[PDB]
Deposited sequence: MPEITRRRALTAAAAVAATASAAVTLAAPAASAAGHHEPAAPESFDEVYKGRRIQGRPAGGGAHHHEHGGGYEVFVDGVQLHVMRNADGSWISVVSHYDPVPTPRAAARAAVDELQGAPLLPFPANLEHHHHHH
């Protein structure tokens, strides 16, 4: 089963997630994310650092970006 969708403003940035196998967006720009076999998640800007959920991966991307626009993949 895929995780639930989410939508919130995190550190001033709109993060959205939805099942697709799952998509995340940061201010409307899609962010590559991936699920590991143990159920953890990573994003392309944190791709060696598992976190428990796609929202956690989106928040890790906002933390990584330090305010900068994401560019599309």
### Summary
According to the entry, C-alpha coordinates are missing for deposited residues 1 to 39, 60 to 70, 124 to 134
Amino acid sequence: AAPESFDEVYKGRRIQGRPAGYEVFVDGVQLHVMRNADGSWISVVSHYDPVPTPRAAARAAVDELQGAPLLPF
From here on, numbers count along this sequence of modelled residues.
### Query
Averaged over C-alpha atoms, is the B-factor higher for 21 to 29 or for 54 to 62 in this PDB entry?
21 to 29
## Note on the structure
Quick tally, chain-level thirds of C-alpha B-factors: residue 44 sits in the middle
